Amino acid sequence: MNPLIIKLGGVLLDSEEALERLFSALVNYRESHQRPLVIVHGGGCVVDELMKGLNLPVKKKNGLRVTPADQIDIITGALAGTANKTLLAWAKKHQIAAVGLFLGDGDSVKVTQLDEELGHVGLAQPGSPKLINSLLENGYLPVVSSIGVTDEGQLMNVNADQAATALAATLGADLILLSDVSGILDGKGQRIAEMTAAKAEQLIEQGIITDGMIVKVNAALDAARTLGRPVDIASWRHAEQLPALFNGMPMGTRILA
């Protein structure tokens, strides 16, 4: 099979129950299926707690965080270091041969600076699949953080949904955005298995999709629009359904755009 990228939301990373369930599911799946799996992740709450711990206020510019030179190293530490190695420790506990990467390893996802005024915020672009392909061929589970690096050597914090999207494009991989949202329910409360961009847009306005659901649905829509194939929204809550989902079944809500 073509590779699958499983992107983990921060709320998943901040929950030991989610993580235990996830890694148990990963073990179960791999005992019956050889599909190449890649994990992508961001920071979760560990960046924000570190920043608060260091009394470094976060400034925003039009909704995006200014990331000066004097914060990018701290952030890199929390996200490429703590979050990534926490995942690798979970992997090890479950006897899974994982390898931690960031976007710059093998130029897997190329990153340019988004805006001089935001400092070290990066924009993801598809990169080179060579390194990750070689790891997958050898039976490793790459676990890739959303820190990247420009070609000139400047570290960048990259939106993890976009990072995962760029990596999926790079690898010709499928994409699941996994978090606490198990699927988008219709106006009668039934999970919608497959959802076009037309339904999504209608449902938001109609008021069925509101709150954080809006941002998560939009995250998926952007990812599908770029990728040219569907992107799944799913949760860890019904852990038994994860192998099916990893095999390509729309156990969540599949977004088509």
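All residue numbers refer to positions in the sequence shown, first residue = 1.
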Of 147-155 vs 178-186, the stretch with the larger average CA B-factor in the entry is 178-186
Avg C-alpha B-factor, entry values, 207-215 vs 223-231, higher side is 207-215
The third of the chain into which the C-alpha temperature factor of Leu37 falls is the lowest
Chain thirds by Cα B factor, record data; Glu117 belongs to the highest
